[PDB]
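protein.pdb (PDB, C-alpha atoms and all ligand atoms) appears below.
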```
MODEL        1
ATOM      1  CA  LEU A   7     -21.379 110.891 129.718  1.00  0.00           C
ATOM      2  CA  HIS A   8     -18.772 113.222 131.117  1.00  0.00           C
ATOM      3  CA  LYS A   9     -15.908 115.255 129.751  1.00  0.00           C
ATOM      4  CA  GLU A  10     -12.313 114.620 130.894  1.00  0.00           C
ATOM      5  CA  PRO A  11      -9.183 116.647 130.358  1.00  0.00           C
ATOM      6  CA  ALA A  12      -6.535 116.137 127.759  1.00  0.00           C
ATOM      7  CA  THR A  13      -3.883 118.226 125.992  1.00  0.00           C
ATOM      8  CA  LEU A  14      -2.854 118.263 122.418  1.00  0.00           C
ATOM      9  CA  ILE A  15       0.348 116.490 121.481  1.00  0.00           C
ATOM     10  CA  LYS A  16      -0.070 116.736 117.659  1.00  0.00           C
ATOM     11  CA  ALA A  17      -2.622 117.024 114.872  1.00  0.00           C
ATOM     12  CA  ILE A  18      -2.748 114.039 112.570  1.00  0.00           C
ATOM     13  CA  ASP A  19      -5.768 114.223 110.240  1.00  0.00           C
ATOM     14  CA  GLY A  20      -9.502 114.798 109.997  1.00  0.00           C
ATOM     15  CA  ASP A  21     -10.563 112.011 112.369  1.00  0.00           C
ATOM     16  CA  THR A  22      -7.422 111.176 114.328  1.00  0.00           C
ATOM     17  CA  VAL A  23      -5.291 113.276 116.711  1.00  0.00           C
ATOM     18  CA  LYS A  24      -2.480 112.685 119.208  1.00  0.00           C
ATOM     19  CA  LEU A  25      -3.512 113.762 122.664  1.00  0.00           C
ATOM     20  CA  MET A  26      -2.202 113.306 126.198  1.00  0.00           C
ATOM     21  CA  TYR A  27      -4.815 111.662 128.383  1.00  0.00           C
ATOM     22  CA  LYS A  28      -4.262 110.818 132.050  1.00  0.00           C
ATOM     23  CA  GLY A  29      -0.702 111.828 131.345  1.00  0.00           C
ATOM     24  CA  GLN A  30      -0.064 109.285 128.550  1.00  0.00           C
ATOM     25  CA  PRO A  31       0.280 109.980 124.809  1.00  0.00           C
ATOM     26  CA  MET A  32      -2.534 108.328 122.760  1.00  0.00           C
ATOM     27  CA  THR A  33      -3.854 108.485 119.230  1.00  0.00           C
ATOM     28  CA  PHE A  34      -7.621 109.196 119.353  1.00  0.00           C
ATOM     29  CA  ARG A  35     -10.083 108.204 116.677  1.00  0.00           C
ATOM     30  CA  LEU A  36     -13.190 110.382 116.768  1.00  0.00           C
ATOM     31  CA  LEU A  37     -16.401 108.519 117.370  1.00  0.00           C
ATOM     32  CA  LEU A  38     -19.198 108.264 114.822  1.00  0.00           C
ATOM     33  CA  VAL A  39     -17.447 110.016 111.925  1.00  0.00           C
ATOM     34  CA  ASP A  40     -15.394 109.345 108.782  1.00  0.00           C
ATOM     35  CA  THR A  41     -13.184 112.010 107.229  1.00  0.00           C
ATOM     36  CA  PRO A  42     -11.533 111.473 103.830  1.00  0.00           C
ATOM     37  CA  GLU A  43      -7.858 110.340 104.097  1.00  0.00           C
ATOM     38  CA  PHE A  50      -5.325 113.123 103.379  1.00  0.00           C
ATOM     39  CA  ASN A  51      -4.753 111.504  99.961  1.00  0.00           C
ATOM     40  CA  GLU A  52      -8.489 112.008  99.131  1.00  0.00           C
ATOM     41  CA  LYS A  53     -10.769 114.788  98.094  1.00  0.00           C
ATOM     42  CA  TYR A  54     -11.474 117.027 101.113  1.00  0.00           C
ATOM     43  CA  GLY A  55      -8.804 115.117 103.158  1.00  0.00           C
ATOM     44  CA  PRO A  56      -6.484 118.104 103.421  1.00  0.00           C
ATOM     45  CA  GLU A  57      -9.429 120.389 104.233  1.00  0.00           C
ATOM     46  CA  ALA A  58     -10.598 118.035 107.010  1.00  0.00           C
ATOM     47  CA  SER A  59      -7.116 117.864 108.465  1.00  0.00           C
ATOM     48  CA  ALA A  60      -6.659 121.624 108.314  1.00  0.00           C
ATOM     49  CA  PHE A  61     -10.046 122.054 110.016  1.00  0.00           C
ATOM     50  CA  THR A  62      -9.268 119.858 113.037  1.00  0.00           C
ATOM     51  CA  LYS A  63      -5.637 121.062 113.217  1.00  0.00           C
ATOM     52  CA  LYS A  64      -6.884 124.609 113.592  1.00  0.00           C
ATOM     53  CA  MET A  65      -9.796 123.855 115.861  1.00  0.00           C
ATOM     54  CA  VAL A  66      -7.639 121.910 118.326  1.00  0.00           C
ATOM     55  CA  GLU A  67      -4.396 124.029 118.156  1.00  0.00           C
ATOM     56  CA  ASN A  68      -6.317 127.266 118.804  1.00  0.00           C
ATOM     57  CA  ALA A  69      -8.302 125.846 121.739  1.00  0.00           C
ATOM     58  CA  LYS A  70      -7.441 126.656 125.320  1.00  0.00           C
ATOM     59  CA  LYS A  71      -9.103 123.572 126.713  1.00  0.00           C
ATOM     60  CA  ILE A  72      -9.275 120.144 124.984  1.00  0.00           C
ATOM     61  CA  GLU A  73     -11.489 117.532 126.562  1.00  0.00           C
ATOM     62  CA  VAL A  74     -12.410 113.932 125.689  1.00  0.00           C
ATOM     63  CA  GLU A  75     -15.633 112.159 126.431  1.00  0.00           C
ATOM     64  CA  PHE A  76     -15.875 108.421 126.253  1.00  0.00           C
ATOM     65  CA  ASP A  77     -19.173 106.737 125.376  1.00  0.00           C
ATOM     66  CA  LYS A  78     -20.710 103.704 127.231  1.00  0.00           C
ATOM     67  CA  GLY A  79     -18.864 101.120 125.061  1.00  0.00           C
ATOM     68  CA  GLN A  80     -15.319 100.276 123.969  1.00  0.00           C
ATOM     69  CA  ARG A  81     -12.836 103.024 124.812  1.00  0.00           C
ATOM     70  CA  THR A  82     -10.136 101.782 122.498  1.00  0.00           C
ATOM     71  CA  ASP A  83     -10.302 100.201 119.096  1.00  0.00           C
ATOM     72  CA  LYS A  84      -8.390  97.235 117.684  1.00  0.00           C
ATOM     73  CA  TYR A  85      -5.425  99.474 116.751  1.00  0.00           C
ATOM     74  CA  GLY A  86      -5.185 100.838 120.356  1.00  0.00           C
ATOM     75  CA  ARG A  87      -6.723 104.203 119.292  1.00  0.00           C
ATOM     76  CA  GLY A  88      -8.843 105.851 121.919  1.00  0.00           C
ATOM     77  CA  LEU A  89     -12.531 106.183 120.909  1.00  0.00           C
ATOM     78  CA  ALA A  90     -14.041 109.455 122.052  1.00  0.00           C
ATOM     79  CA  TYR A  91     -15.873 112.608 121.433  1.00  0.00           C
ATOM     80  CA  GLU A  92     -13.392 115.458 121.447  1.00  0.00           C
ATOM     81  CA  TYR A  93     -14.266 119.014 122.522  1.00  0.00           C
ATOM     82  CA  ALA A  94     -12.314 122.193 121.835  1.00  0.00           C
ATOM     83  CA  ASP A  95     -13.379 124.955 124.212  1.00  0.00           C
ATOM     84  CA  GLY A  96     -16.700 123.148 124.800  1.00  0.00           C
ATOM     85  CA  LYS A  97     -17.427 122.635 121.072  1.00  0.00           C
ATOM     86  CA  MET A  98     -17.496 119.038 119.811  1.00  0.00           C
ATOM     87  CA  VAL A  99     -15.011 118.515 116.995  1.00  0.00           C
ATOM     88  CA  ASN A 100     -16.861 115.359 115.809  1.00  0.00           C
ATOM     89  CA  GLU A 101     -20.108 117.393 115.367  1.00  0.00           C
ATOM     90  CA  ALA A 102     -18.254 120.400 113.839  1.00  0.00           C
ATOM     91  CA  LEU A 103     -16.717 118.220 111.124  1.00  0.00           C
ATOM     92  CA  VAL A 104     -20.097 116.768 110.270  1.00  0.00           C
ATOM     93  CA  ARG A 105     -21.832 120.096 110.302  1.00  0.00           C
ATOM     94  CA  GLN A 106     -19.288 121.463 107.813  1.00  0.00           C
ATOM     95  CA  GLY A 107     -19.500 118.614 105.357  1.00  0.00           C
ATOM     96  CA  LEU A 108     -15.929 117.521 106.169  1.00  0.00           C
ATOM     97  CA  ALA A 109     -17.047 114.173 107.694  1.00  0.00           C
ATOM     98  CA  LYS A 110     -19.864 111.635 107.195  1.00  0.00           C
ATOM     99  CA  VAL A 111     -21.611 110.005 110.108  1.00  0.00           C
ATOM    100  CA  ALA A 112     -20.131 106.510 110.072  1.00  0.00           C
ATOM    101  CA  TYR A 113     -19.079 103.561 112.181  1.00  0.00           C
ATOM    102  CA  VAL A 114     -22.176 103.752 114.372  1.00  0.00           C
ATOM    103  CA  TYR A 115     -21.784 100.801 116.691  1.00  0.00           C
ATOM    104  CA  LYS A 116     -24.450  99.926 119.341  1.00  0.00           C
ATOM    105  CA  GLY A 117     -23.500 101.073 122.845  1.00  0.00           C
ATOM    106  CA  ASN A 118     -21.045 103.717 121.591  1.00  0.00           C
ATOM    107  CA  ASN A 119     -23.647 105.860 119.838  1.00  0.00           C
ATOM    108  CA  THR A 120     -24.905 108.379 122.419  1.00  0.00           C
ATOM    109  CA  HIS A 121     -24.411 111.373 120.104  1.00  0.00           C
ATOM    110  CA  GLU A 122     -25.669 109.695 116.914  1.00  0.00           C
ATOM    111  CA  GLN A 123     -28.835 111.760 116.499  1.00  0.00           C
ATOM    112  CA  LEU A 124     -26.975 114.999 117.216  1.00  0.00           C
ATOM    113  CA  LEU A 125     -24.503 114.240 114.466  1.00  0.00           C
ATOM    114  CA  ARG A 126     -27.199 113.040 112.000  1.00  0.00           C
ATOM    115  CA  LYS A 127     -28.998 116.331 112.461  1.00  0.00           C
ATOM    116  CA  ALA A 128     -25.755 118.110 111.649  1.00  0.00           C
ATOM    117  CA  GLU A 129     -25.180 115.987 108.553  1.00  0.00           C
ATOM    118  CA  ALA A 130     -28.746 116.682 107.365  1.00  0.00           C
ATOM    119  CA  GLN A 131     -28.006 120.378 107.622  1.00  0.00           C
ATOM    120  CA  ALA A 132     -24.580 120.032 105.829  1.00  0.00           C
ATOM    121  CA  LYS A 133     -26.301 118.095 103.040  1.00  0.00           C
ATOM    122  CA  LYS A 134     -29.045 120.764 102.712  1.00  0.00           C
ATOM    123  CA  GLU A 135     -26.354 123.419 102.390  1.00  0.00           C
ATOM    124  CA  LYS A 136     -24.457 121.158  99.915  1.00  0.00           C
ATOM    125  CA  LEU A 137     -21.261 121.625 101.894  1.00  0.00           C
ATOM    126  CA  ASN A 138     -17.897 120.260 100.803  1.00  0.00           C
ATOM    127  CA  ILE A 139     -18.400 116.413 100.572  1.00  0.00           C
ATOM    128  CA  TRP A 140     -22.060 117.092  99.730  1.00  0.00           C
ATOM    129  CA  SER A 141     -21.307 119.679  96.921  1.00  0.00           C
TER     130      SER A 141
HETATM  131  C1  LIG B 201     -14.553 104.945 114.376  1.00  0.00           C
HETATM  132  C2  LIG B 201     -14.225 103.511 114.709  1.00  0.00           C
HETATM  133  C3  LIG B 201     -13.395 102.765 113.892  1.00  0.00           C
HETATM  134  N1  LIG B 201     -13.120 101.459 114.168  1.00  0.00           N
HETATM  135  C4  LIG B 201     -12.254 100.645 113.292  1.00  0.00           C
HETATM  136  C5  LIG B 201     -13.157 100.021 112.223  1.00  0.00           C
HETATM  137  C6  LIG B 201     -12.287 100.081 110.981  1.00  0.00           C
HETATM  138  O1  LIG B 201     -11.566  98.841 110.763  1.00  0.00           O
HETATM  139  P1  LIG B 201     -10.669  98.617 109.402  1.00  0.00           P
HETATM  140  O2  LIG B 201      -9.329  99.268 109.679  1.00  0.00           O
HETATM  141  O3  LIG B 201     -10.672  97.118 109.577  1.00  0.00           O
HETATM  142  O4  LIG B 201     -11.358  99.166 108.212  1.00  0.00           O
HETATM  143  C7  LIG B 201     -11.308 101.209 111.245  1.00  0.00           C
HETATM  144  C8  LIG B 201     -11.683 102.486 110.517  1.00  0.00           C
HETATM  145  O5  LIG B 201     -10.896 103.580 110.920  1.00  0.00           O
HETATM  146  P2  LIG B 201     -10.329 104.650 109.867  1.00  0.00           P
HETATM  147  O6  LIG B 201     -11.561 105.230 109.231  1.00  0.00           O
HETATM  148  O7  LIG B 201      -9.547 105.628 110.759  1.00  0.00           O
HETATM  149  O8  LIG B 201      -9.537 103.835 108.930  1.00  0.00           O
HETATM  150  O9  LIG B 201     -11.356 101.481 112.595  1.00  0.00           O
HETATM  151  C9  LIG B 201     -13.695 100.864 115.308  1.00  0.00           C
HETATM  152  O10 LIG B 201     -13.432  99.662 115.499  1.00  0.00           O
HETATM  153  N2  LIG B 201     -14.514 101.539 116.135  1.00  0.00           N
HETATM  154  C10 LIG B 201     -14.857 102.839 115.874  1.00  0.00           C
HETATM  155  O11 LIG B 201     -15.657 103.437 116.644  1.00  0.00           O
HETATM  156 CA    CA B 202     -10.891 108.023 107.722  1.00  0.00          CA
ENDMDL
END
```
Show me this structure written as structure tokens.
Amino acid sequence: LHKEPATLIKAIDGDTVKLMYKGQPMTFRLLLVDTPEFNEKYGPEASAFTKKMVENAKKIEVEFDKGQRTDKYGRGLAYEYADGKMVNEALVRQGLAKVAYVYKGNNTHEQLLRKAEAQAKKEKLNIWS
């Protein structure tokens, strides 16, 4: 897999974001994770987390997996990085997302995220408290 550039257009919530990619505005849905909706417990915390991580970064990148690049709603499916640090993994590590929606052929970073979740659960963080 390889990283590609993008720039923030606007934060949305824990697992979606509006980015410009190849010069076009797109809503991205982060691969392999599920954050609570804003309406839910830890929703606002997830959204604040990704809003901060992505607004403070100098360099946003997206990395597509080997499978579908867009979902049925036209959302881009990617791993997002903020100054080299994967937002999808950071959410999981902090107990602000569950590993979820693991489809075959778009699951390159599955084990990486599961290891993060195991550590979040150990530490009883947020969703796991
Ligand atoms: C993360 C992800 C979600 N989806 C679809 C499945 C879910 O369909 P339904 O809308 O039918 O439940 C929806 C979940 O996204 P949200 O968790 O953002 O709602 O997005 C994919 O198709 N591929 C993916 O990789
Ligand atoms: Ca969600």
- Message: Expand the PyMOL selection byres (((chain A and resi 70-86) around 10) and not hetatm) into the explicit residue set it covers here, and present it as a ChimeraX atom specification.
- Response: /A:7-14,25-27,32-37,65-69,87-99,115-121
- Task: Would you list the residues that come within 8 Å of ligand CA 202 (chain B)? Count all atoms listed in the file and give the answer as a PyMOL selection string.
- Result: chain A and resi 20-21+40-43
- Separation of atom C4 of ligand LIG 201 (chain B) from CA of residue 110 (chain A) in Å: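 Going from CA of residue 110 (chain A) over to atom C4 of ligand LIG 201 (chain B), I get 14.7 Å.
Candidate residues A:122, A:23, A:107, A:112 were compared for distance to residue 137 (chain A), and the nearest is A:107, using all atoms listed in the file.
For the set A:113, A:126, A:64, A:57, the residue with the smallest atom-to-atom gap to ligand LIG 201 (chain B) is A:113, counting all atoms listed in the file.
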- List the residues matched by the PyMOL selection byres (((chain A and resi 127) around 12) and not hetatm) in the displayed structure as an NGL selection string, ordered by chain and then by residue number. :A and (101-102 or 104-106 or 110-111 or 121-126 or 128-134)
- Rounded to one decimal in Å, what is the spacing between CA of residue 38 (chain A) and CA of residue 100 (chain A)?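 Between these atoms lies a distance of 7.5 Å.
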Could you work out an axis-aligned box for region 87-105 of chain A, taking every atom the file lists and adding 6 Å on each side, and report centre and edge lengths in Å to one decimal, as JSON?
```
{"center_x": -14.3, "center_y": 114.6, "center_z": 117.5, "size_x": 27.1, "size_y": 32.8, "size_z": 26.5}
```
- Query: Between CA of residue 108 (chain A) and atom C10 of ligand LIG 201 (chain B), what is the distance, to one decimal in Å?
  - Reply: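 That distance, rounded to one decimal, is 17.6 Å.
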